[PDB]
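According to the deposited numbering, the stretch in the sequence shown is residues 3222 to 3338, 3386 to 3462, in order. For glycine and all other residues, C-beta sits at the position ideal for the given N, C-alpha and C. Encoded as structure tokens, the structure appears first; notes follow it.
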Amino acid sequence: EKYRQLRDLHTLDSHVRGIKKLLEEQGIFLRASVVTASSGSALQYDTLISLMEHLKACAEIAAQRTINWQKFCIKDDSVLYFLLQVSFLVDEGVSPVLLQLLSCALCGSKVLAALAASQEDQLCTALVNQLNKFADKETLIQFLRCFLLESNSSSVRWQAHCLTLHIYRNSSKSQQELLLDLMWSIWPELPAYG
């Protein structure tokens, strides 16, 4: 079982290296924990396809054997926040796979199996704490607005609903209160979305 583990970790590290290099090529840089873009123009089809092959490979391996993906995300702390921040720069066609990676890391595998109808619990809790530590208020607000209200597709909205629910369930009291206050501040803008 170890041999599969080393293969999975090596392949995932290579894929994340490739993704980071691809984003570097177009002026999008992750310096310490913030992703910054120099150009306000959208990406091109070839860049999206080269992103999507790597992301599809990562999503497949994470959906098959979630434990190794969670262990990777634990070892490298600049992965989940990087994916969350990069999901804002890419078009609506690549959002589902990024949300799937986030959900497999955070929501869990058995919850996804149940929706399709004990170590992973501590892994999910640790990953949720790491995400809460890295992410600030503006990024969470932007994630909620972009994937719960502004998205035209309903599958993406359901994915965001599940991800937010499982992020809330695994946090502490103070972060739960912060998230509830963020959503109650977002609420007055409801008529803009119907």
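{"Check": "Can you name, in chain order, every residue of its own chain whose Cβ lies under 6 Å from the Cβ of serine 3419, other than the five neighbours on each side?", "Outcome": "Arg3425"}
{"Check": "Would the segment 3279 to 3299 count as touching the segment 3227 to 3245 if we require 3 or more Cβ pairs under 8 Å?", "Outcome": "yes"}
{"Check": "Please classify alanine 3253: does DSSP put it in a helix, a strand, or coil?", "Outcome": "coil"}
{"Check": "Would you call the segment 3295 to 3315 and the segment 3254 to 3261 in contact, with 3 or more CB pairs under 8 Å?", "Outcome": "yes"}
{"Check": "Could you say which of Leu3243, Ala3258, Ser3422, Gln3265 lies nearest to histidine 3275 if we only look at CA atoms?", "Outcome": "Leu3243"}
{"Check": "Count the other C-beta atoms from every protein chain shown that fall within 10 angstroms of the C-beta of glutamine 3291, then say buried if there are 16 or more, exposed otherwise.", "Outcome": "buried"}
{"Check": "I need the DSSP call for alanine 3335, collapsed to helix, strand or coil.", "Outcome": "helix"}
{"Check": "Going by other Cβ atoms of all chains shown within 10 Å of its Cβ, with 16 needed for buried, is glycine 3329 buried or exposed?", "Outcome": "buried"}
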